[PDB]
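Please read the structure below before turning to the comments.
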Amino acid sequence: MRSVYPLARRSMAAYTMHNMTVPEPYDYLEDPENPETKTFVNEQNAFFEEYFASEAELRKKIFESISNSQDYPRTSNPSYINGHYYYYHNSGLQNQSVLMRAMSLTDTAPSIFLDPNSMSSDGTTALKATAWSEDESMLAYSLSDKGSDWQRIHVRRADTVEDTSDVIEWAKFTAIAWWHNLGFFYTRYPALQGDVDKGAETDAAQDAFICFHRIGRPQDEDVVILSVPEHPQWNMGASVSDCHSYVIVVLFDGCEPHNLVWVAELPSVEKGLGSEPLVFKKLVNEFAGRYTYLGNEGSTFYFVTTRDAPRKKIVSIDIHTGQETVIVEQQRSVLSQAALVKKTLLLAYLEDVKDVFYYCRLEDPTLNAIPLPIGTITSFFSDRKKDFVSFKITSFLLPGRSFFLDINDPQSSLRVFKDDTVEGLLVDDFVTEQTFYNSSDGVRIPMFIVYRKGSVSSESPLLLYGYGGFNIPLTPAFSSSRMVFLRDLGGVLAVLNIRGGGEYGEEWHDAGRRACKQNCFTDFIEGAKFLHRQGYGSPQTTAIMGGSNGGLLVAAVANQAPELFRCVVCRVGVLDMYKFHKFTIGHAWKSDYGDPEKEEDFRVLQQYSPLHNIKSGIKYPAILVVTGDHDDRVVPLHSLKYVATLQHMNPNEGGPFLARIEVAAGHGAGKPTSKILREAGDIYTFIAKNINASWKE
């Protein structure tokens, strides 16, 4: 097309930054308050709508298709307790989850057991915490209301499931710790945050204090068990031993991972509850790293330990002498969940952003694996005395699957306890896989590719998704948008974890941060080569998109191979690194970028800034940028600068320019589902339009 466009004005304004007179001809759109910027935004929306007017029919079709994937019943892990199967359910039109029991694995109609949606007229409270008991006669659960401690917490039984007259009041972030038939320890503070003589606006809730509680009795007949007197600005919890004759207590200073371990002898049943807390034997009184109790056996205890190992090794501990031994030295990856049942330690490793299971005996610690599908843990239930165990895997085209097995021979006992259903899915037809390829200089880079059973070729649309930064990896999780991409248009989804994120942790950040960050944008480009050299798809039509810093990278890769791609989408990204620290909360990511006044930081920055590298003549893909006009996460001046500059710089070359925007009235409130759903529909109909995706007819 050779049609005209609004004349994006250019001014002589040029802040001479570091003795360099960089032109800033678009000082107009550095503030929403001008009329010029508002009218330019209006014209951008009008042009995008005009471009999509003809394809609006299929756009509405795909929008309905994606919107149809927002209501979904979702189950959770099972629990075989006292001959029943307790598990969670969800219908879709409600705001909390329900809990109920089934007589067996193949129950047809379950029986409701816990409905948090009824006891309150608002019905906004939810089960914040839960705990069974040795006698299994009652489930102690916390009913948290609107976050604040002004709360109603209730209890319903099991044999009768009426509600007893017993309440736990004035507690936040509680770890209920039940012991046989007497009761449980729970957290609270002195003075019960009583009003009248009350100040501090419930700030930091000083003097955390755990005390026992016995059902049936009033609140006053309780014996305090531990409250840190000298360091009241802490937060601690407690739990009981498997023998249930001893109690252990964990403590935490602020939110520091560092932890100290304190064990204790709980008084026996024959003496009720003792008058004084017994001696709390001191094993670790330090602040090295995070500890987490997993189990015990007589004179032994076992913990997940991050001490001298940021990858959460697993170690035993002995009390009566203190001499120590190591169970599992940390592997090449990090931990997600762990458990100790009967005569096996059962572990899950977050290897290359996917959880792999292993079971370890007590003589051969070899990590014997199971062929669970590609994905990650999202839930776990395990009891030492119950041989049944279960877990839940989630992935891209695996919205959620609860599996179960025993602990005798884990090979064949693995089975699908529950599979969630969303209309229009067969699961097995979409196979996911991982593949490693060499980088630009020769370090292995992973790639999660989801694709059909060999039903795609050089002609199939190929999409890339990446965010890559801020130590936060893009773990495999379901998204309805990827669902529509896989099932509605015959495309394949390739997610690459470029250097910068939390795929390998702080080392991964070090591989792609600040000065050494630049090569990251190179390596991603190399990925586009590999996926086309192998055979999956063709460079003649391909798509990429990402968000925030990812929205940056999908634009940065426009420099190294400008012609190679065919269409890209950037969302809520940073698009001008020269106004980085001067606006909004952006400067808070200095650790990633750095200020534009440091010498070497600006020297590295100025060679890759997207607003200083778009250049005429060269060939560019089709670019879409989507942005909200007042979103304070990333101020939208950068997106408007980018789109206007290349709208008025390279007219008759590779493009075009697309500027999807979120203009409305009433900023500063929450985001309803309508906005996100319509925006996802718009971006997905754009990609489906341009990269030549064949709709499932």
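Labels for the structure tokens follow display order: chains A, B, ..., residues from 1 in each chain, ligands from 1.
With only C-alpha atoms taken into account, the protein and nucleic acid residues at most 9 Å from residue 484 of chain A (excluding it and anything under 4 positions from it in its own chain) are residues 62, 65, 66, 69, 480, 488, 489 and 684 of chain A.
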Spatial neighbours of residue 658 of chain A, max dist 8 Å, only C-alpha atoms, sep filter under 3 positions, as a VMD selection string = chain A and resid 44 48 622 to 625 643
Give me, as a Markdown table, the closest atom pair and its distance (Å, one decimal) for every residue of segment 294-363 of chain A within a cut-off of 7 Å of segment 374-387 of chain A, counting only C-alpha atoms, rows sorted by chain and rising number.
```
| residue | atom | partner | partner_atom | distance |
| --- | --- | --- | --- | --- |
| A:339 | CA | A:382 | CA | 6.7 |
| A:340 | CA | A:384 | CA | 6.4 |
| A:341 | CA | A:384 | CA | 4.2 |
| A:342 | CA | A:384 | CA | 5.7 |
| A:354 | CA | A:376 | CA | 5.1 |
| A:355 | CA | A:376 | CA | 4.6 |
```
Nearest to residue 275 of chain A, chosen from A:142, A:233, A:294, A:221, with only C-alpha atoms counted in the distances = A:221
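Residues within 12 Å of residue 287 of chain A, counting only C-alpha atoms and excluding same-chain residues fewer than 3 positions away, are residues 250, 251, 252, 253, 254, 255, 256, 257, 258, 259, 260, 261, 284, 290, 291, 306, 307 and 308 of chain A.
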Give me a file of those residues, with C-alpha atoms, as an mmCIF file, in the first residue's frame.
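Output file again.cif follows:
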```cif
data_model
loop_
_atom_site.group_PDB
_atom_site.id
_atom_site.type_symbol
_atom_site.label_atom_id
_atom_site.label_comp_id
_atom_site.auth_asym_id
_atom_site.auth_seq_id
_atom_site.Cartn_x
_atom_site.Cartn_y
_atom_site.Cartn_z
ATOM 1 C CA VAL A 250 10.886 -22.683 62.676
ATOM 2 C CA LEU A 251 11.561 -18.950 62.838
ATOM 3 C CA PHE A 252 12.214 -16.250 60.271
ATOM 4 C CA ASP A 253 13.592 -12.723 60.504
ATOM 5 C CA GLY A 254 11.644 -10.499 58.139
ATOM 6 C CA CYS A 255 11.535 -12.187 54.742
ATOM 7 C CA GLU A 256 15.190 -13.249 54.791
ATOM 8 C CA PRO A 257 15.638 -16.823 53.507
ATOM 9 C CA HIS A 258 18.063 -17.519 56.350
ATOM 10 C CA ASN A 259 16.645 -19.788 59.042
ATOM 11 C CA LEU A 260 17.567 -21.410 62.360
ATOM 12 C CA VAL A 261 16.329 -24.776 63.606
ATOM 13 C CA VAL A 284 20.928 -24.440 64.651
ATOM 14 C CA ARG A 290 16.537 -21.478 54.384
ATOM 15 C CA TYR A 291 15.673 -24.758 56.100
ATOM 16 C CA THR A 306 19.883 -24.035 51.190
ATOM 17 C CA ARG A 307 22.908 -23.548 53.467
ATOM 18 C CA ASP A 308 26.144 -23.455 51.412
#
```
Expected answer as a ChimeraX atom specification: alpha helix (DSSP H) residues in segment 402-583 of chain A | /A:410-413,480-488,506-511,518-534,549-560
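Closest to residue 558 of chain A among A:613, A:606, A:79, A:321 is A:613, based on only C-alpha atoms.
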Write out as number ranges by chain each polymer residue whose atoms come within 10 Å of residue 664 of chain A, counting only C-alpha atoms; drop sequence neighbours fewer than 5 positions from it.
-> A: 628-630
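Proximity ranking of A:344, A:388, A:310, A:615 relative to residue 504 of chain A places A:310 first, based on only C-alpha atoms.
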What does the distance from atom CA of residue 153 of chain A to atom CA of residue 133 of chain A come to in Å, to one decimal?
-> 17.9 Å
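Between atom CA of residue 98 of chain A and atom CA of residue 184 of chain A there is a distance of 23.6 Å.
Between atom CA of residue 23 of chain A and atom CA of residue 588 of chain A there is a distance of 26.2 Å.
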Could you please write out, as a PyMOL selection string, every residue of segment 86-311 of chain A that DSSP assigns to strand (DSSP E)?
-> chain A and resi 86-89+98-102+111-114+126-131+140-144+177-179+183-188+209-214+224-227+235-240+247-252+259-264+291-297+300-305
Extract, using only C-alpha atoms, all DNA, RNA and protein residues at most 7 Å from segment 415-421 of chain A, discarding same-chain residues fewer than 6 positions from it, and format them as a PyMOL selection string.
-> chain A and resi 73-75+399-405
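Comparing A:346, A:131, A:511, A:182 by their smallest distance to residue 216 of chain A, the closest is A:182 (using only C-alpha atoms).
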Near-residue 636 of chain A list (9 Å; only C-alpha atoms; drop same-chain fewer than 5 positions) as JSON, numbers by chain | {"A": [30, 32, 572, 573, 574, 575, 627, 628, 629, 630, 631, 641]}
Go ahead and save the residues from that selection, with N, CA, C and O atoms, as a short mmCIF file (atom, residue, chain, number, x, y, z; two decimals), in the first residue's frame.
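Printed below is again-v7.cif as written:
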```
data_model
loop_
_atom_site.label_atom_id
_atom_site.label_comp_id
_atom_site.auth_asym_id
_atom_site.auth_seq_id
_atom_site.Cartn_x
_atom_site.Cartn_y
_atom_site.Cartn_z
N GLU A 30 5.72 12.88 24.96
CA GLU A 30 6.33 12.52 26.23
C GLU A 30 5.39 12.77 27.40
O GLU A 30 5.79 12.59 28.56
N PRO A 32 0.93 12.54 28.20
CA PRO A 32 -0.42 12.37 27.66
C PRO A 32 -1.23 13.64 27.64
O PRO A 32 -2.20 13.74 26.87
N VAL A 572 3.65 -3.94 26.26
CA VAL A 572 4.04 -3.31 27.52
C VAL A 572 5.55 -3.28 27.73
O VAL A 572 6.04 -3.33 28.87
N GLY A 573 6.30 -3.13 26.64
CA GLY A 573 7.75 -3.19 26.70
C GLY A 573 8.40 -1.83 26.85
O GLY A 573 7.77 -0.78 26.75
N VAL A 574 9.69 -1.86 27.12
CA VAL A 574 10.50 -0.65 27.15
C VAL A 574 11.04 -0.40 25.75
O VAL A 574 11.74 -1.23 25.17
N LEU A 575 10.69 0.76 25.19
CA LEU A 575 11.06 1.06 23.81
C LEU A 575 11.91 2.31 23.66
O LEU A 575 12.08 2.80 22.54
N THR A 627 -0.23 -1.30 23.73
CA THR A 627 0.14 -0.57 24.94
C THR A 627 -1.07 0.13 25.54
O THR A 627 -1.97 0.57 24.84
N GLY A 628 -1.05 0.24 26.87
CA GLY A 628 -2.07 0.97 27.61
C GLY A 628 -1.63 2.39 27.86
O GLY A 628 -0.48 2.64 28.25
N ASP A 629 -2.55 3.34 27.65
CA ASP A 629 -2.19 4.75 27.60
C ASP A 629 -1.83 5.35 28.96
O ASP A 629 -1.32 6.47 28.99
N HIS A 630 -2.07 4.65 30.06
CA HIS A 630 -1.76 5.20 31.38
C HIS A 630 -1.12 4.17 32.30
O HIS A 630 -0.90 4.47 33.48
N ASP A 631 -0.83 2.98 31.81
CA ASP A 631 -0.30 1.92 32.65
C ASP A 631 1.05 2.33 33.23
O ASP A 631 2.01 2.56 32.49
N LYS A 641 6.63 6.83 20.70
CA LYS A 641 7.85 7.30 20.04
C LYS A 641 8.28 6.33 18.95
O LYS A 641 8.51 6.73 17.80
#
```
Give me the residues within 12 Å of residue 309 of chain A as JSON, numbers by chain, counting only C-alpha atoms and dropping any in the same chain fewer than 2 places off.
-> {"A": [288, 289, 290, 291, 304, 305, 306, 307, 311, 312, 313, 314, 315, 328, 329, 330, 331, 332, 333, 334, 335]}
Export of prior selection with C-alpha atoms as a compact mmCIF listing (two decimals), in the first residue's frame:
```
# COMPACT_ATOMS: atom_id res chain seq x y z
CA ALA A 288 22.83 -18.93 57.01
CA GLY A 289 20.09 -20.23 54.73
CA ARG A 290 16.54 -21.48 54.38
CA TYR A 291 15.67 -24.76 56.10
CA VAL A 304 15.66 -29.32 52.62
CA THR A 305 18.61 -27.01 53.19
CA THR A 306 19.88 -24.03 51.19
CA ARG A 307 22.91 -23.55 53.47
CA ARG A 311 20.16 -25.11 44.83
CA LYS A 312 18.52 -26.56 47.96
CA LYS A 313 20.41 -29.72 48.82
CA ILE A 314 18.80 -32.29 51.15
CA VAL A 315 20.45 -33.25 54.43
CA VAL A 328 21.49 -35.61 48.66
CA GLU A 329 24.07 -33.10 47.57
CA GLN A 330 22.43 -30.59 45.27
CA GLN A 331 22.14 -31.55 41.61
CA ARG A 332 22.63 -29.35 38.57
CA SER A 333 19.19 -27.78 39.11
CA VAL A 334 16.96 -26.34 41.81
CA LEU A 335 14.15 -27.84 43.92
```
